[PDB]
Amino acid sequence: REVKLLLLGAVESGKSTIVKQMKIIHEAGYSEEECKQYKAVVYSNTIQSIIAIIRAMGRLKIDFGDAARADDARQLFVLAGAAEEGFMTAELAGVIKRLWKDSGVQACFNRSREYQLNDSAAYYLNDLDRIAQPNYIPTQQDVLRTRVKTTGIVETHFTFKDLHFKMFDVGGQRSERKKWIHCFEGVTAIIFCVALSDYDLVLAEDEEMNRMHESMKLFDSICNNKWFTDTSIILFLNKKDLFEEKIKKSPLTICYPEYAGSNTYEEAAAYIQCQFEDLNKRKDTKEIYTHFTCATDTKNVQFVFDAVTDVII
């Protein structure tokens, strides 16, 4: 009756967002106290995002659309400290707001594949007025959108379909992957997450190795690990919503030079699915249960997880 699910995957593939979904779906979601706890993370993610674009503008040599933004940018650092403490003055919000609307800033934002930027940058920045209002309390989506690198082993429990689930989540960054082996015992099923949107990105840890190629190496390792022969391997080709948006303006050939299909979601998605499933060295004896997901979308995850559970039995 107990089921141990181990979430694996490279950095920022969406493993922890899936864990938060289990809370939203199988419990009653984040309470007011828990949401308030996330208020400091939302604000630091937001400042972190705008500072990242402003930093990038310096390296890439992009000017502000209006010279006036220069002192707004300086006023940003003077007031940024407040943010991580969980406070957002109308003045700071005003400063971020004006910065986010600048064409030079927007020009740099659109070049975000050239540097590291929070996936939820536009989500928070576009909702500045809401998140900055007095007595703001994060909504479940706000919590789902927060980014905090995972270190250590986070364990979560929930009951679904009469089964007692014990879900384990670990971090995907270099230092943390070395510690995955500590969770290899008694795993009922592994949900390996992959950010489909990584195809045109370099690692936060390196820039000559394509993030998806790294994801492929990790999957090749796990999937084929004989220790995992009787463990169901579920593959979540995640961030399908960002992939759909990217495929229209960024060639999949960057990652896979041999790709002949068109820049359409359906064709490119199927191609990546095949790339990963092809790594399975025992296709007739081992089945990989693939699902396309958008971790932040509760409904998608709810139906996908219901499906995965039926597979687990």
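When you see a residue number, it is the position in the sequence shown, counting from 1.
Problem set entry | Mean Cα B-factor comparison, 27-35 or 264-272, giving the higher one as deposited | Per the PDB record, 27-35.
Exercise. So which stretch wins on mean C-alpha B-factor, 76-84 or 136-144?
Worked result: Higher mean C-alpha B-factor: 76-84.
Exercise. Between 230, 241, 198, 169, where does the Cα B-factor run highest in the record?
Worked result: Of 230, 241, 198, 169, 230 has the highest C-alpha B-factor.
Problem set entry | Most elevated Cα B-factor in the entry, residues 89, 151, 224, 215 | Highest C-alpha B-factor among the listed options: 89.
Problem set entry | Third of the chain, ranked by Cα B-factor, where residue 3 sits | Within its chain, residue 3 is a highest-third residue by C-alpha B-factor, going by the deposited values.
Problem set entry | Chain-relative CA temperature factor third for residue 202 | Its C-alpha B-factor, which the entry lists for residue 202, ranks in the highest third among residues of this chain.
Exercise. So where's residue 280 on the chain's Cα temperature factor ranking, which third?
Worked result: Middle third - that is where residue 280 ends up once the chain's C-alpha B-factors are sorted.
Exercise. Relative to the other modelled residues in the chain, which third contains the C-alpha temperature factor of residue 120: lowest, middle or highest?
Worked result: Lowest third of the chain for residue 120's C-alpha B-factor.
Exercise. Compared with the other modelled residues in the chain, in which third is the CA B-factor of residue 112?
Worked result: Residue 112: CA B-factor falls in the lowest third of its chain.
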